[PDB]
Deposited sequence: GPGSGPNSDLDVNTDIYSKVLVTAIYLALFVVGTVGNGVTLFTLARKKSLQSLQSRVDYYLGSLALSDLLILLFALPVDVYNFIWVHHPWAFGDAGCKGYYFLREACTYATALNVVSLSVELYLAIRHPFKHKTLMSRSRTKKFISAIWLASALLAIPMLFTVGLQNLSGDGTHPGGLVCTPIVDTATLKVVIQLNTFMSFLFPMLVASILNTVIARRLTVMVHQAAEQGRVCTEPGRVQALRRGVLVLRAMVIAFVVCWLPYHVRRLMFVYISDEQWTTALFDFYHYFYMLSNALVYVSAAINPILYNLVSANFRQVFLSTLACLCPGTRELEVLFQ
């Protein structure tokens, strides 16, 4: 089954791998210590913790499977049907949860800057609601991807790959679903909200709350722009994967699709690693307790 092979150079594999491992350690340590101190510590801490969990899931259970079975060995898939579906399901649920957390944070900040409720119980209930909804919107992937023997006769175990098992139309529908619901719409809402939040901050600012508020505004805007920039090439690739006709696909577009895969996923991990570092760059006491928690290791 030499038709399933790709020609991505070794140096690119090693480079992208090294990047993935760097983002792995930075992201896991960052979000791990983040969850640690946040748990040891306030309304936004639940959203931040939710984000940290969302990132940790990808960094721990999606990153190794990716770096192994997607850039190093393209075939055969060695995680089974359950691993195949559970992987993409996890990814989708994660991106949905992240997006919804961002938008929710935008709303919370706007309300905390326009009028300066949501008790601890109610807030946690709402976070649970976000997670559940995220899991619900990730369901189609369980019915979209799967295992297929793409070898010449469909009998060779080396041709057992993890590929979408549904037709082009349905694939279009689910990919569009993900792109609209987890990217365009929510980040649009969050961008508008951030836009209003900025000027509201400028008009409010004309004692110690306004500085933390400014901090929150900058952090939030940073998270939004990071989300857009990082998740942009990701959604373009998935649309590129399906919308291009089978006759239009050439070897150049193939190899380029794989390099683009490397790039896009690299940025995807860059986001998950960029979440906690932004919390440190504000020079808040969070960085102090970050070094404090990082020291005892």
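Report task. Return the ranges of the deposited sequence not covered by C-alpha coordinates, sorted by sequence position. Result -> Since the structure holds only modelled residues, the stretches it omits are 1-6, 48-54, 130-134, 225-235, 327-338.
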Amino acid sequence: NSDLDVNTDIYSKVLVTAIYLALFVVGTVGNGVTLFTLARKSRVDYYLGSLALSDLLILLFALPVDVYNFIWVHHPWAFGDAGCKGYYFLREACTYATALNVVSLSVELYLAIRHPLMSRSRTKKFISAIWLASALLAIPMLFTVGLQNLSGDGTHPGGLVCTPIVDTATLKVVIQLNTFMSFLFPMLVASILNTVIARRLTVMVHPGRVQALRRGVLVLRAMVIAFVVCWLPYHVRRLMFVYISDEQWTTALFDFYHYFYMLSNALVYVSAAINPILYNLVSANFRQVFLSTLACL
From here on, numbers count along this sequence of modelled residues.
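Report task. Would you mind comparing 272-280 and 285-293 for me and telling me which has the higher average C-alpha temperature factor in the entry? Result -> Mean C-alpha B-factor is greater for 285-293.
Query raised in the report: Looking at the entry, does 194-202 or 69-77 show the higher mean C-alpha B-factor?
Result: Mean CA B-factor is higher for 194-202.
Requested in this report: Name the residue from 103, 223, 181, 117 with the greatest C-alpha temperature factor listed in the entry.
Outcome: Out of 103, 223, 181, 117, the record gives the largest C-alpha B-factor to 117.
Query raised in the report: For the listed residues 30, 64, 49, 233, which one has the largest C-alpha B-factor as given in the deposited model?
Result: Highest C-alpha B-factor among the listed residues goes to 30.
Query - Third of the chain, ranked by Cα B-factor, where residue 172 sits - result: Lowest third.
**Report entry** Third of chain Cα B-factors occupied by residue 98
**Finding:** Its C-alpha B-factor, which the entry lists for residue 98, ranks in the lowest third among residues of this chain.
Report task. Would you please rank residue 208 by its C-alpha temperature factor against the other modelled residues of its chain and give the third it falls in: lowest, middle or highest? Result -> Its C-alpha B-factor, which the entry lists for residue 208, ranks in the highest third among residues of this chain.
Requested in this report: Can you work out whether the C-alpha temperature factor of residue 85 puts it in the lowest, middle or highest third of the chain?
Outcome: Bottom third by C-alpha B-factor.
Query raised in the report: Of the three thirds of its chain by CA temperature factor, lowest, middle or highest, which one includes residue 155?
Result: Middle third.
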